[PDB]
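Structure assessment
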Amino acid sequence: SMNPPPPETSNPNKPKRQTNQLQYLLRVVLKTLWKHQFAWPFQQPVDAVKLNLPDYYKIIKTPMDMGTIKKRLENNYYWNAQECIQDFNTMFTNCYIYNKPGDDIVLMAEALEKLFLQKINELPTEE
Ligand SMILES: COc1cc(-c2cn(C)c(=O)c3cnccc23)cc(OC)c1CN(C)C
């Protein structure tokens, strides 16, 4: 019935770096997932008000979405690739916690996560 503030996508107090791995995450991983036919439920924060999900933010206390991850990558928010991978994992895990197995949203998250893992296993060695 009321949405929380969305996750931050900038913060001058957070340490940040540019790495070839973070470049890969934006140019390959995020690009591939963003354009996927099943991307759209994950491209913005869950609007629990508009979607009539009064329980969502009573269950999901660490929200994350690909729109936020996209902005964090574009804004050079991360210190390393593992911080970004964690955000993706939070997004997927939130979906499985809130929804039921076999739900359409869970099947779509599972398809995206399979592709995410295929791309992550080709993550370049840090130069
Ligand atoms: C970000 O946008 C959307 C999210 C969801 C959505 C996402 N996730 C992750 C969920 O767990 C979830 C759980 N229950 C119900 C809905 C969702 C659904 C959408 O449409 C049905 C849109 C589309 N909006 C333009 C309306």
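That block above? That's the structure.
All of the points below concern the structure found in this document.

1. A closer look at the site of the ligand
- The local shell around the ligand consists of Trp40, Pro41, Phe42, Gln44, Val46, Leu51, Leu53, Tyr98, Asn99 and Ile105.
- Contact distances for the ligand include 3.0 Å between an oxygen atom and a side-chain N or O atom of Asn99.
- Protein coverage of the free-state accessible area of the ligand, which is 560 Å², stands at 66%.
- A molecule is said to occupy a pocket when more than half its atoms come within 2 Å of that pocket's grid points, and by this definition the ligand occupies the largest pocket.
- Of the residues in the shell around the ligand, the class split is eight nonpolar, two polar and no charged.

2. A look at the nonpolar core
- Counting residues in each nonpolar core, the largest one holds 28 residues, and the members touching the most others are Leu25 and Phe88.
- Of all elements in the fold, only α1 (20-34), α3 (66-74), α4 (81-98) and α5 (104-120) reach the threshold of two or more residues within this core.
- Those residues within four positions of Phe88 in sequence are excluded, and the remaining contacts are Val29, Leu30, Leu33, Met66, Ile69 and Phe116.
- One finds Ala48, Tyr56, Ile60 and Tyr98 within the second-largest nonpolar core, a separate group that totals six residues.

3. A look at the side chain of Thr90
- Checked against the element boundaries, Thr90 lands in helix α4.
- For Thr90, a relative accessible area of 17% translates into the label buried.
- Those residues in contact with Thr90 that lie beyond four places of it in its chain are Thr62 and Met64.

4. Describing empty space enclosed by the protein
- Applying the stated criterion across every chain yields a total of one cavity of 30 Å³ or more.
- In this structure, the largest cavity occupies an estimated 40 Å³ of space.
- Every residue along the wall of the largest cavity is listed here: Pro7, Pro45, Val46, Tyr56, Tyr57, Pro63, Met64 and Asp65.
- Residues of the lining of the largest cavity, tallied by class, amount to seven nonpolar, no polar and one charged.

5. A look at α5
- Between the first and last C-alpha of α5 there are 24 Å, a value that for 17 residues agrees with the 24 Å anticipated at 1.5 Å per step.
- Summarising the contacts, the buried residues of α5 are in contact with α1 and α4.

6. Comments concerning the environment of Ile60
- Mapping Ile60 onto the fold places it in the loop between α2 (56-59) and α3.
- When the C-alpha atoms of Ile60 and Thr93 are compared, they prove to be 9.7 Å apart, with 33 residues separating the residues in sequence.
- Once you skip the residues sitting within four places of it in the chain, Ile60 turns out to touch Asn94, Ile97 and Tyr98.

7. Considerations on the packing of α1 against α5
- Where α1 meets α5, the closest approach of the two axes is 10 Å, and the angle between their N-to-C directions is 155°. Judged on the interaxial angle alone, α5 and α1 are roughly antiparallel. The two elements α1 and α5 cross, and the hand of that crossing is right-handed. Note on element contacts: α5 touches α1 through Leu112, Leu115, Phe116, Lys119 and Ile120, opposite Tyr24, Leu25, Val28, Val29, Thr32 and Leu33.
- Its residues assigned to classes, the contact of α1 with α5 shows nine nonpolar, one polar and one charged.

8. Here's the deal with the environment of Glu127
- Topologically, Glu127 is positioned in the segment after α5.
- Separated by 106 residues in the primary sequence, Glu127 and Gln21 have C-alpha atoms spaced 8.6 Å apart.

Here is what the cut-offs are and how they apply
- Residues numbered from 1 in each chain as written, not as in the entry; some residues may be left out.
- Heavy atoms only, no water.
- Near = heavy atom within 4 Å.
- Polar contact = N/O pair within 3.5 Å; in protein donor to acceptor, adjacent residues only side chain to side chain.
- Areas by Shrake-Rupley, 256 points an atom, 1.4 Å probe, with all protein chains shown as cover.
- 1 Å grid on protein atoms, 1.4 Å probe; cavity = no way out; pocket = protein on both sides within 12 Å on 5 of 7 lines; lining within 4 Å.
- Sits in = over half its atoms within 2 Å of the grid points.
- Nonpolar A, V, L, I, M, F, W, Y, C, P; charged D, E, K, R; others polar.
- Core = buried A, V, L, I, M, F, W, Y, C linked by side-chain atoms within 4.5 Å.
- Buried < 20%, exposed > 50% of the residue type's maximum accessible area, 1.4 Å probe, protein only.
- Helix = DSSP H or I, 4+ residues; strand = E, 2+ residues; numbered from the N terminus.
- Contact = heavy atoms within 4.5 Å.
- Points joined across faces, edges and corners; volume = space filled by probe spheres on them.
- Expected span 1.5 Å × (residues − 1).
- Axes fitted to C-alpha atoms, helices over the stretch in contact; angles between N-to-C directions.
- Parallel < 35°, antiparallel > 145°, perpendicular 65-115°, else oblique.
- Left-handed = near helix turned anticlockwise from the far one by under 90°.

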